[PDB]
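Here's the structure, in structure tokens; my notes come after.
Here the Cβ is made from the backbone with ideal geometry for all residues, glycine too, and neighbour counts use every protein chain on show. Taken together, the values in this text are just the output of simple stated rules run on the coordinates, not laboratory data.
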Amino acid sequence: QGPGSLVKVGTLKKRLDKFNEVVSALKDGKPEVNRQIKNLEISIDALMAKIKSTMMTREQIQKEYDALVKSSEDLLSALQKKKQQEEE
């Protein structure tokens with residue numbers, strides 16, 4: 001038995017940490033970031049526990065991955081406007 005699809009989930013988790021760093025160097029709009037970044041970290045972690053504690057279909061993981069891509073994508077765009085704004 002092996003991870004298989006879990007690998008993808010872990011990859012995103014890494015992307016999450018990356019956002020934390022970029023956001024850590026911002027110091028602006030922490031509530032909104034830690035809030036979204038939080039539900040996402042939980043989202044990804046949720047799947048993992050679902051992958052080992054349930055026979056989750058790879059298809060379900062693909063879309064869920066998209067759900068993270070949509071929320072994550074918006075986070076970056078939001079961060080950009082944040083840093084460039086230089087004002088909370």
Name the pairs whose Cβ atoms lie under 7 Å apart, with the first residue in segment 74-88 and touching a residue at least 12 places away in the same chain (Cβ under 8 Å), the second polar (S, T, N, Q) and not in a loop (DSSP other than H, G, I, E, B), and 6 or more positions between them or separate chains?
-> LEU75/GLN36
Residue check: is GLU59 surrounded by fewer than 10 Cβ atoms within 10 Å (Cβ to Cβ) and acidic (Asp, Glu)?
-> yes
Any chance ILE44 is touching a residue at least 40 places away in the same chain (Cβ under 8 Å), outside any loop (DSSP other than H, G, I, E, B) and surrounded by 13 or more Cβ atoms within 10 Å (Cβ to Cβ) = no
